[PDB]
(Lines of atoms letter the chains of each structure in order from A and count residues from 1; the text may use other names and numbers.)
(Lines give C-alpha, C1' and ligand atoms only; values in the text may rest on other atoms or scores of the structure.)
Protein backbone atom coordinates (compact mmCIF):
# COMPACT_ATOMS: atom_id res chain seq x y z
CA UNK A 1 0.00 0.00 0.00
CA UNK A 2 3.14 2.13 0.00
CA UNK A 3 3.93 5.38 1.78
CA UNK A 4 1.97 8.41 2.92
CA UNK A 5 4.13 11.52 3.11
CA UNK A 6 2.75 13.30 6.15
CA UNK A 7 3.49 17.01 6.46
CA UNK A 8 4.68 17.92 9.95
CA UNK A 9 4.69 21.58 10.99
CA UNK A 10 7.95 22.25 12.85
CA UNK A 11 10.14 20.10 15.10
CA UNK A 12 7.59 18.94 17.67
CA UNK A 13 5.24 17.47 15.08
CA UNK A 14 8.27 16.11 13.24
CA UNK A 15 9.28 14.20 16.37
CA UNK A 16 5.79 12.79 16.88
CA UNK A 17 5.68 11.92 13.18
CA UNK A 18 8.89 9.88 13.48
CA UNK A 19 7.57 8.00 16.52
CA UNK A 20 4.35 7.40 14.57
CA UNK A 21 6.39 6.08 11.64
CA UNK A 22 8.29 3.62 13.81
CA UNK A 23 5.39 2.29 15.87
CA UNK A 24 3.35 1.71 12.72
CA UNK A 25 6.18 -0.20 11.05
CA UNK A 26 6.23 -2.37 14.18
CA UNK A 27 2.62 -3.63 14.02
CA UNK A 28 1.63 -3.14 10.37
CA UNK A 29 2.36 -5.88 7.81
CA UNK A 30 5.35 -5.29 5.48
CA UNK A 31 2.88 -4.71 2.63
CA UNK A 32 0.73 -2.32 4.64
CA UNK A 33 0.63 1.50 4.69
CA UNK A 34 3.64 3.36 6.10
CA UNK A 35 4.31 6.97 7.15
CA UNK A 36 7.11 9.24 5.93
CA UNK A 37 7.65 12.69 7.44
CA UNK A 38 8.04 15.98 5.56
CA UNK A 39 8.90 18.95 7.81
CA UNK A 40 7.57 22.45 7.07
CA UNK A 41 7.31 25.76 8.99
CA UNK A 42 3.59 26.49 8.67
CA UNK A 43 0.36 24.82 7.64
CA UNK A 44 0.50 26.92 4.47
CA UNK A 45 3.83 25.39 3.44
CA UNK A 46 2.12 22.05 3.91
CA UNK A 47 -0.77 22.96 1.62
CA UNK A 48 1.62 24.02 -1.14
CA UNK A 49 3.85 20.96 -0.76
CA UNK A 50 0.82 18.70 -1.15
CA UNK A 51 -0.40 20.66 -4.18
CA UNK A 52 3.15 20.37 -5.50
CA UNK A 53 3.25 16.58 -5.02
CA UNK A 54 5.98 17.03 -2.39
CA UNK A 55 3.75 15.73 0.43
CA UNK A 56 0.43 13.85 0.61
CA UNK A 57 -1.42 14.75 3.81
CA UNK A 58 -1.88 17.35 6.55
CA UNK A 59 -4.63 17.91 9.11
CA UNK A 60 -6.25 21.35 9.04
CA UNK A 61 -8.73 23.43 10.99
CA UNK A 62 -12.02 23.55 9.05
CA UNK A 63 -11.63 27.17 7.95
CA UNK A 64 -8.19 26.36 6.58
CA UNK A 65 -9.73 23.37 4.80
CA UNK A 66 -11.75 25.87 2.78
CA UNK A 67 -8.60 27.86 1.99
CA UNK A 68 -6.88 24.67 0.84
CA UNK A 69 -9.66 24.09 -1.68
CA UNK A 70 -9.02 27.46 -3.34
CA UNK A 71 -6.93 27.70 -6.49
CA UNK A 72 -4.07 27.12 -7.10
CA UNK A 73 -4.07 24.35 -4.48
CA UNK A 74 -7.51 22.75 -4.99
CA UNK A 75 -7.10 20.25 -2.17
CA UNK A 76 -9.95 18.06 -0.87
CA UNK A 77 -10.93 16.76 2.60
CA UNK A 78 -10.44 12.98 2.94
CA UNK A 79 -10.50 12.03 6.63
CA UNK A 80 -12.12 13.89 9.51
CA UNK A 81 -11.29 13.78 13.20
CA UNK A 82 -14.26 13.15 15.48
CA UNK A 83 -14.73 14.06 19.14
CA UNK A 84 -16.85 13.37 22.19
CA UNK A 85 -16.74 9.60 22.47
CA UNK A 86 -16.83 6.24 20.68
CA UNK A 87 -20.52 5.79 21.47
CA UNK A 88 -21.52 9.17 20.01
CA UNK A 89 -18.83 10.40 17.59
CA UNK A 90 -19.24 14.10 16.90
CA UNK A 91 -17.68 15.61 13.80
CA UNK A 92 -17.77 19.07 15.33
CA UNK A 93 -16.69 21.00 18.40
CA UNK A 94 -17.58 24.36 19.93
CA UNK A 95 -15.81 27.70 19.57
CA UNK A 96 -15.70 29.36 22.98
CA UNK A 97 -14.23 32.45 24.63
CA UNK A 98 -12.41 31.69 27.87
CA UNK A 99 -11.78 34.47 30.39
CA UNK A 100 -10.58 34.73 33.98
CA UNK A 101 -13.26 34.88 36.67
CA UNK A 102 -13.92 38.34 38.13
CA UNK A 103 -12.27 40.10 35.19
CA UNK A 104 -15.47 42.08 34.68
CA UNK A 105 -16.39 42.22 31.00
CA UNK A 106 -18.84 40.53 28.65
CA UNK A 107 -18.81 39.72 24.94
CA UNK A 108 -20.10 43.22 24.18
CA UNK A 109 -17.29 44.85 26.20
CA UNK A 110 -14.22 43.34 24.50
CA UNK A 111 -12.94 46.62 23.04
CA UNK A 112 -9.58 47.53 24.58
CA UNK A 113 -8.86 44.06 25.99
CA UNK A 114 -5.85 41.88 25.17
CA UNK A 115 -6.70 38.84 23.04
CA UNK A 116 -5.19 35.40 22.48
CA UNK A 117 -6.03 33.59 19.24
CA UNK A 118 -5.10 30.06 18.17
CA UNK A 119 -4.17 31.45 14.79
CA UNK A 120 -5.25 33.74 11.97
CA UNK A 121 -7.83 32.13 9.68
CA UNK A 122 -8.87 29.35 12.08
CA UNK A 123 -12.46 28.61 13.14
CA UNK A 124 -12.49 29.07 16.91
CA UNK A 125 -9.49 31.35 17.21
CA UNK A 126 -10.37 33.89 14.53
CA UNK A 127 -13.19 33.63 11.99
CA UNK A 128 -15.94 32.79 14.49
CA UNK A 129 -15.23 35.44 17.15
CA UNK A 130 -14.09 38.11 14.71
CA UNK A 131 -17.20 37.41 12.64
CA UNK A 132 -19.40 38.09 15.66
CA UNK A 133 -17.38 41.18 16.63
CA UNK A 134 -17.17 42.47 13.04
CA UNK A 135 -19.50 45.46 13.43
CA UNK A 136 -18.09 46.47 16.83
CA UNK A 137 -14.78 46.98 15.02
CA UNK A 138 -13.75 50.57 14.15
CA UNK A 139 -13.77 51.49 10.47
CA UNK A 140 -12.27 50.78 8.06
CA UNK A 141 -13.13 47.16 8.90
CA UNK A 142 -11.17 45.81 5.95
CA UNK A 143 -8.44 44.67 6.03
CA UNK A 144 -9.75 42.62 8.97
CA UNK A 145 -6.31 42.26 10.54
CA UNK A 146 -5.90 46.01 11.00
CA UNK A 147 -9.41 46.47 12.41
CA UNK A 148 -8.90 43.68 14.94
CA UNK A 149 -5.51 45.15 15.88
CA UNK A 150 -7.15 48.51 16.62
CA UNK A 151 -10.11 46.98 18.48
CA UNK A 152 -8.02 45.14 21.06
CA UNK A 153 -5.15 46.60 23.10
CA UNK A 154 -2.63 44.08 21.85
CA UNK A 155 -2.96 40.41 21.03
CA UNK A 156 -1.41 37.27 19.63
CA UNK A 157 -2.68 36.07 16.27
CA UNK A 158 -0.26 33.35 15.06
CA UNK A 159 0.54 33.47 11.31
CA UNK A 160 -0.45 37.13 10.96
CA UNK A 161 2.05 39.58 9.49
CA UNK A 162 3.62 41.51 12.36
CA UNK A 163 5.14 44.07 9.99
CA UNK A 164 1.81 45.29 8.71
CA UNK A 165 -0.08 44.61 11.94
CA UNK A 166 2.29 44.76 14.97
CA UNK A 167 -0.56 44.93 17.50
CA UNK A 168 -1.49 41.39 16.47
CA UNK A 169 1.86 40.06 17.73
CA UNK A 170 2.26 42.22 20.84
CA UNK A 171 1.53 39.15 22.95
CA UNK A 172 3.73 36.84 20.85
CA UNK A 173 6.37 38.81 18.87
CA UNK A 174 6.75 37.55 15.32
CA UNK A 175 3.40 35.77 15.38
CA UNK A 176 5.01 32.39 14.70
CA UNK A 177 2.79 29.97 12.78
CA UNK A 178 3.80 26.79 14.61
CA UNK A 179 4.40 25.30 18.06
CA UNK A 180 7.75 27.11 18.15
CA UNK A 181 5.57 30.03 19.26
CA UNK A 182 4.46 29.32 22.85
CA UNK A 183 1.09 30.98 22.30
CA UNK A 184 0.27 29.09 19.08
CA UNK A 185 -2.86 26.96 18.73
CA UNK A 186 -5.51 25.98 21.26
CA UNK A 187 -3.01 25.20 24.01
CA UNK A 188 -0.94 28.26 23.16
CA UNK A 189 -3.87 30.67 23.22
CA UNK A 190 -4.92 29.23 26.56
CA UNK A 191 -1.43 29.59 28.04
CA UNK A 192 -1.49 33.20 26.87
CA UNK A 193 -4.55 33.62 29.10
CA UNK A 194 -3.38 31.48 32.03
CA UNK A 195 -0.02 33.24 32.15
CA UNK A 196 -1.74 36.63 32.19
CA UNK A 197 -0.59 38.00 28.84
CA UNK A 198 -4.17 38.28 27.61
CA UNK A 199 -7.71 38.72 28.96
CA UNK A 200 -9.49 36.35 26.60
CA UNK A 201 -8.61 33.19 24.72
CA UNK A 202 -10.62 32.14 21.67
CA UNK A 203 -10.34 28.35 21.66
CA UNK A 204 -12.46 25.17 21.71
CA UNK A 205 -14.71 23.88 24.49
CA UNK A 206 -12.25 21.05 25.18
CA UNK A 207 -9.25 23.36 25.54
CA UNK A 208 -9.40 24.12 29.28
CA UNK A 209 -10.09 20.46 30.16
CA UNK A 210 -7.20 19.36 27.98
CA UNK A 211 -4.85 21.81 29.69
CA UNK A 212 -6.01 22.03 33.34
CA UNK A 213 -6.56 18.78 35.27
CA UNK A 214 -7.79 20.22 38.60
CA UNK A 215 -11.39 21.49 38.79
CA UNK A 216 -10.27 23.96 41.46
CA UNK A 217 -8.02 25.64 38.91
CA UNK A 218 -10.74 25.60 36.25
CA UNK A 219 -13.18 27.31 38.63
CA UNK A 220 -11.04 30.42 38.20
CA UNK A 221 -12.10 30.65 34.54
CA UNK A 222 -15.41 31.31 32.80
CA UNK A 223 -16.93 31.52 29.32
CA UNK A 224 -18.41 34.54 27.54
CA UNK A 225 -21.91 33.76 26.22
CA UNK A 226 -23.59 35.43 23.24
CA UNK A 227 -26.21 37.12 25.44
CA UNK A 228 -23.50 39.05 27.27
CA UNK A 229 -23.50 36.85 30.37
CA UNK A 230 -20.89 34.47 31.73
CA UNK A 231 -21.14 30.76 32.52
CA UNK A 232 -18.84 28.03 33.95
CA UNK A 233 -16.41 26.39 31.52
CA UNK A 234 -18.34 23.11 31.69
CA UNK A 235 -21.52 24.80 30.45
CA UNK A 236 -20.22 25.35 26.92
CA UNK A 237 -23.17 23.44 25.47
CA UNK A 238 -25.36 26.48 25.98
CA UNK A 239 -22.63 29.18 26.19
CA UNK A 240 -20.49 29.03 23.03
CA UNK A 241 -19.99 31.29 20.01
CA UNK A 242 -20.62 28.61 17.40
CA UNK A 243 -20.50 24.92 16.50
CA UNK A 244 -17.78 24.19 13.96
CA UNK A 245 -16.78 21.23 11.70
CA UNK A 246 -13.95 18.86 12.63
CA UNK A 247 -10.31 19.44 11.78
CA UNK A 248 -9.74 17.33 8.69
CA UNK A 249 -6.96 15.72 6.69
CA UNK A 250 -6.67 17.11 3.17
CA UNK A 251 -5.04 15.72 0.02
CA UNK A 252 -4.79 16.29 -3.73
CA UNK A 253 -7.98 15.72 -5.71
CA UNK A 254 -6.09 13.71 -8.35
CA UNK A 255 -3.50 11.11 -7.36
CA UNK A 256 -3.94 12.11 -3.74
CA UNK A 257 -3.76 8.64 -2.18
CA UNK A 258 -7.03 9.20 -0.28
CA UNK A 259 -7.45 5.42 -0.17
CA UNK A 260 -4.04 4.85 1.47
CA UNK A 261 -4.43 7.82 3.79
CA UNK A 262 -7.67 6.32 5.15
CA UNK A 263 -6.14 2.86 5.49
CA UNK A 264 -3.14 4.32 7.33
CA UNK A 265 -5.20 6.35 9.79
CA UNK A 266 -7.87 3.68 10.25
CA UNK A 267 -5.28 1.02 11.09
CA UNK A 268 -3.45 3.64 13.15
CA UNK A 269 -6.49 4.34 15.30
CA UNK A 270 -7.11 0.62 15.89
CA UNK A 271 -3.57 0.18 17.24
CA UNK A 272 -2.72 3.59 18.72
CA UNK A 273 -6.07 5.40 18.85
CA UNK A 274 -7.75 6.75 22.01
CA UNK A 275 -6.65 4.71 25.04
CA UNK A 276 -5.58 1.92 22.69
CA UNK A 277 -1.89 1.64 23.60
CA UNK A 278 0.48 2.64 26.37
CA UNK A 279 3.43 2.65 23.95
CA UNK A 280 2.22 5.30 21.54
CA UNK A 281 -0.70 7.70 21.29
CA UNK A 282 -2.12 9.33 18.16
CA UNK A 283 -3.99 11.93 20.19
CA UNK A 284 -1.40 13.05 22.74
CA UNK A 285 2.35 13.52 23.09
CA UNK A 286 5.09 14.38 25.59
CA UNK A 287 6.34 16.92 23.04
CA UNK A 288 3.27 19.12 22.99
CA UNK A 289 -0.48 19.25 22.46
CA UNK A 290 -2.49 18.92 19.27
CA UNK A 291 0.51 17.66 17.29
CA UNK A 292 -0.55 16.29 13.88
CA UNK A 293 -4.06 15.78 15.25
CA UNK A 294 -6.12 17.45 17.96
CA UNK A 295 -5.65 15.97 21.43
CA UNK A 296 -9.42 16.19 21.99
CA UNK A 297 -10.01 13.87 19.03
CA UNK A 298 -11.27 10.34 19.69
CA UNK A 299 -10.80 8.89 16.21
CA UNK A 300 -11.26 9.25 12.45
CA UNK A 301 -14.15 8.90 9.99
CA UNK A 302 -13.78 8.73 6.20
CA UNK A 303 -15.10 11.60 4.08
CA UNK A 304 -17.65 10.55 1.41
CA UNK A 305 -16.40 9.94 -2.17
CA UNK A 306 -15.00 12.95 -4.07
CA UNK A 307 -16.59 15.44 -1.67
CA UNK A 308 -15.05 18.90 -1.94
CA UNK A 309 -14.53 21.46 0.82
CA UNK A 310 -17.85 23.26 0.31
CA UNK A 311 -19.94 20.07 0.37
CA UNK A 312 -18.11 18.76 3.44
CA UNK A 313 -18.25 21.93 5.55
CA UNK A 314 -22.02 22.25 5.20
CA UNK A 315 -24.37 25.06 4.22
CA UNK A 316 -24.34 27.04 7.47
CA UNK A 317 -20.51 27.24 7.64
CA UNK A 318 -20.03 28.27 4.03
CA UNK A 319 -22.67 30.97 4.47
CA UNK A 320 -20.76 32.41 7.43
CA UNK A 321 -17.73 32.51 5.11
CA UNK A 322 -19.62 34.52 2.48
CA UNK A 323 -21.12 36.68 5.20
CA UNK A 324 -17.70 37.66 6.56
CA UNK A 325 -16.18 38.09 3.10
CA UNK A 326 -19.05 40.44 2.22
CA UNK A 327 -19.11 42.50 5.39
CA UNK A 328 -22.33 44.34 6.20
CA UNK A 329 -23.70 46.19 9.24
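Positions refer to the first chain, counted from 1.
Stretch exceeding the other in mean C-alpha B-factor - 82 to 90, 193 to 201: Mean B over CA atoms: larger for 82 to 90.
71 to 79 set against 214 to 222, stretch whose average Cα temperature factor tops the other in the entry: Higher mean C-alpha B-factor in the PDB entry: 214 to 222.
Per the PDB entry, maximal CA B factor within 178, 246, 167, 118: That would be 167.
Out of 250, 208, 156, 132, highest CA B-factor residue: So the option with the highest C-alpha B-factor is 132.
Third of the chain, ranked by Cα B-factor, where residue 127 sits: Middle third.
Third of the chain's Cα B-factor distribution that residue 16 belongs to, per the entry: Its C-alpha B-factor belongs to the lowest third of this chain's values.
Where the record places residue 137 (Cα B-factor, split into thirds across the chain): Highest third of the chain for residue 137's C-alpha B-factor.
B-factor third for the C-alpha atom of residue 185 within its chain: Its C-alpha B-factor, which the entry lists for residue 185, ranks in the lowest third among residues of this chain.
CA B-factor placement of residue 52, once the chain's modelled residues are sorted into thirds: CA B-factor rank for residue 52: middle third.
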